[PDB]
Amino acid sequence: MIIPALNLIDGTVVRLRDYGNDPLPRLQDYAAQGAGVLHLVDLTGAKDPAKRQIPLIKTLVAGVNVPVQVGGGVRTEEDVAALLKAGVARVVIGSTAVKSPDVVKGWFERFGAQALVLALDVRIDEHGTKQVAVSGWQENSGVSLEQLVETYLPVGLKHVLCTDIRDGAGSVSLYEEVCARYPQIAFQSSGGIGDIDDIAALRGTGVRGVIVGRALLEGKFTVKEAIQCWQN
């Protein structure tokens, strides 16, 4: 599947530049073109968890007919719960999944693996290792993609979002390897989609979902075209 994505600050659609502040029409049109899943980054909430755009998220989710994954500074059990209650389908967890794996495994137990997506930023280092980092501007955290995935497999890990820190050029080698290694996990790719051929390269790799943000906002291609390409 293609997974169209928006980034939101104070209700404004942004790139990580300003793309207006009417996210709901955009999302609805994404769904209208055949999107089966959408993805939102709450950048405000990522900055300040007290400022979580819950009420906007509620309206957005209510306004489409497809599951929305939402992430952005999710730190607590109560964060997950509040997002789910607002109607989000899947909560996307990034830094906390790296920071507090035993706590997050507890979340898998409470909420179920279908409600959670682990988002891992990956740097391939000098030695060829897929290093996990909590963000593009912090150093590697000292754990490989494989090591962290295998930490969560015992609690039924199903959804992993993997960003090669590509984001915002083409995404292929990395994805072929990890998808082959863990065929029971549905990997999503993020970052590096600049043209429709970037989507093409990911066909065959075993990646299950392709996150597309910027390129849709810049009119490079449409969601419908993305889906046609992805489905071959």
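One-based numbering along the sequence shown.
**Student:** None, 1 to 3, 4 to 9, or 10 or more: how many residues of the deposited sequence lack coordinates between residue 171 and residue 172?
**Tutor:** Unresolved stretch here: 1 to 3 residues.
**Student:** Counting only residues of the deposited sequence, how many between residue 16 and residue 17 have no atoms in the entry (none, 1 to 3, 4 to 9, 10 or more)?
**Tutor:** Per the deposited record, the segment joining residue 16 and residue 17 lacks coordinates for 4 to 9 residues.
**Student:** Do the CA atoms of 134-142 or those of 83-91 have the higher mean B-factor in the entry?
**Tutor:** Per the deposited B-factors, the answer is 134-142.
**Student:** Determine, for stretches 122-130 and 106-114, which one has the higher mean CA B-factor as deposited.
**Tutor:** Of 106-114 and 122-130, the stretch with the higher C-alpha B-factor average is 122-130.
**Student:** Maximum C-alpha temperature factor per the entry, among 43, 62, 35, 179, belongs to which one?
**Tutor:** Out of 43, 62, 35, 179, the record gives the largest C-alpha B-factor to 43.
**Student:** Which third of the chain does residue 214 land in by C-alpha B-factor: lowest, middle or highest?
**Tutor:** Ranked within chain, residue 214 CA B lands in the highest tercile.
**Student:** Lowest, middle or highest third: which one holds residue 158 when the chain's residues are ordered by CA B-factor from the entry?
**Tutor:** Middle third by C-alpha B-factor.
**Student:** Taking the chain's C-alpha temperature factors as the reference, tell me which third residue 26 falls into: lowest, middle or highest.
**Tutor:** It belongs to the middle third of the chain when residues are ordered by C-alpha B-factor.
**Student:** Based on the deposited C-alpha B factors for this chain, I'd like to know if residue 70 is in the lowest, middle or highest third.
**Tutor:** Lowest third.
**Student:** Based on the deposited C-alpha B factors for this chain, I'd like to know if residue 57 is in the lowest, middle or highest third.
**Tutor:** Middle third.
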